[PDB]
Amino acid sequence: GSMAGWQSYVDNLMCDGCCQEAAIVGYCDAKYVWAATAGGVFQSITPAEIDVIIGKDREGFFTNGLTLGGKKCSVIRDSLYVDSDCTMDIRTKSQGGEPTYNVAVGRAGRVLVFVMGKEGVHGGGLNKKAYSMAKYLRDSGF
């Protein structure tokens, strides 16, 4: 695996149709953004934010929301540590009154996949995409 490689990979999502941004984000010994699509909020994800995503407390975020690149979000459901699934579904908060966007997270062995839907893109299909990407990346050693 290569970093120009990782940029190409995440850039695929901007040809997909589903999505307005994507990122690959390490969560173990390289806990930072590996690659993110240009001009989004995911490029700004921090270690503190990653810690919340992967954290042991998997209920507090239902009351308090969480941020991603400092953007406020709500957690819709969490199966990140359910071995057959390894996803979470998130929604950005607005505004007042701007559009909201759905976010799917998939967890591989050492990286996280984040994708953000375009306007009106439902969470289900995003979830499947993140699930599939996670699996593919696991298969590749990540």
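Beta carbons within 10 angstrom, averaged per residue: use that to sort the peptides 7-15, 79-87, highest first. Before the final figure, lay out the partial values.
Values: 7-15: 15.9, 79-87: 14.3.
With the highest mean Cβ count within 10 Å placed first, the list reads 7-15, 79-87.
Assuming a ≥ b ≥ c are the square roots of the Cα gyration tensor eigenvalues, decide whether region 1-66 counts as rounded (a/c under 1.5), prolate (otherwise, with a/b larger than b/c) or oblate.
Working: a/c = 2.65, a/b = 1.57, b/c = 1.69.
In terms of gyration-tensor shape, oblate.
Arrange the following residues from fewest to most other Cβ atoms within 10 Å of their Cβ: 27, 32. Walk me through the numbers on the way to the answer.
On the way: 27 18, 32 11.
Taking fewest neighbouring Cβ atoms as first place, the list is 32, 27.
Would you mind ranking 63, 46, 92 by Cβ crowding within 10 Å, fewest neighbours first? All intermediate terms of the calculation are to be shown ahead of the outcome.
Details: 63 7, 46 16, 92 21.
Sorted ascending by nearby Cβ count, the order is 63, 46, 92.
Shape of the chain from its Cα gyration tensor (a ≥ b ≥ c, root eigenvalues): rounded if a/c is under 1.5, otherwise prolate when a/b > b/c, or oblate? Present the calculation step by step, with values, prior to reporting the outcome.
On the way: a/c = 1.40, a/b = 1.15, b/c = 1.22.
The shape class here is rounded.
May I ask you to evaluate 6.51 cos²θ - 1.76 cosθ + 1.60, the Karplus curve with θ = phi - 60°, for each residue of region 34-40 and list the ³J(HN,Hα) values in order in whole Hz, giving x for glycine and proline?
Working through the residues one at a time gives 7, 7, 9, 5, 5, x, x Hz.
What is the dipole size for the chain, taken about its Cα centre, with +1 at each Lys and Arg Cβ and -1 at each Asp and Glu Cβ, in debye to the nearest 20? Let's see the in-between values first.
Details: 15 positive and 15 negative charges, 15 e Å.
Charge dipole, the chain, about its Cα centre: 60 debye, nearest 20.
Pop a pseudo-label 7 angstrom from the Cα along the beta-carbon direction at both residue 132 and residue 74 and give the gap in nm to one decimal.
Label at residue 132, label at residue 74, 2.8 nm between them.
Once you sort the root eigenvalues of the Cα gyration tensor of region 25-96 as a ≥ b ≥ c, which label holds: rounded (a/c under 1.5), prolate (a/b larger than b/c) or oblate (the other case)? Kindly include the intermediate steps, with their values, before the conclusion.
Working: a/c = 1.67, a/b = 1.05, b/c = 1.58.
It is oblate, given that a/c is not under 1.5 and a/b is not larger than b/c.
Please give the calculated 222 nm ellipticity per residue for the chain, where each DSSP H segment of at least 4 residues contributes -39500 (n - 2.57) and the sum is spread over every residue; nearest 500 deg cm²/dmol? Walk me through the numbers before you get to the answer.
On the way: 5 runs with 42 residues, N = 142.
The helix-only estimate for the chain comes to -8000 deg cm²/dmol at 222 nm.
List the residues whose amide H sits under 5 Å from the amide H of residue 108, counting only those 5 or more places along or on another chain, with H placed 1.01 Å from N in the peptide plane.
Amide H neighbours of residue 108, under 5 Å, 5+ apart: 113.
For residue 140 paired with residue 94, estimate the spin-label separation in nm (one decimal), with each label point 7 Å from Cα along the Cα-to-Cβ line.
Output for this residue pair reads 3.2 nm.
How high is the relative contact order of the chain, in percent, with contacts defined as C-alpha pairs under 8 Å that are six or more residues apart? Could the numbers behind the result be given before it?
On the way: 288 pairs, mean separation 27.9, N = 142.
The value is 20 percent.
Given points 7 Å out from each Cα along the Cα-Cβ axis, report the residue 32 to residue 63 separation in nanometres with one decimal.
Result for the modelled spin labels: 3.4 nm.
For residue 19, which sequence-distant residues (separation of 5 or more, or a different chain) have an amide H within less than 5 Å of its own amide H, given hydrogens modelled in the peptide plane?
Result for residue 19 returns 118.
Please arrange 19, 28 by counting, for each residue, the other beta carbons lying within 10 Å of its beta carbon, fewest first. Before the final figure, lay out each step's value.
Numbers: 19 25, 28 10.
By the 10 Å Cβ count, ascending, the order reads 28, 19.
Rounded to whole Hz and in sequence order, give me ³J(HN,Hα) for region 126-142 from the Karplus expression 6.51 cos²θ - 1.76 cosθ + 1.60, θ = phi - 60°, writing x for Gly and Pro.
4, 4, 4, 5, 5, 4, 5, 4, 4, 4, 4, 5, 4, 4, 8, x, 10
With just the Cα atoms defining each centre, how far is region 1-31 from region 72-142? Give it in Å.
Answer, in whole Å: 13.
Bear in mind these aren't lab numbers, they're just calculated from the coordinates by the rules spelled out. Note that we place each Cβ from the backbone using ideal geometry, even for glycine, and neighbour counts take in every protein chain shown.
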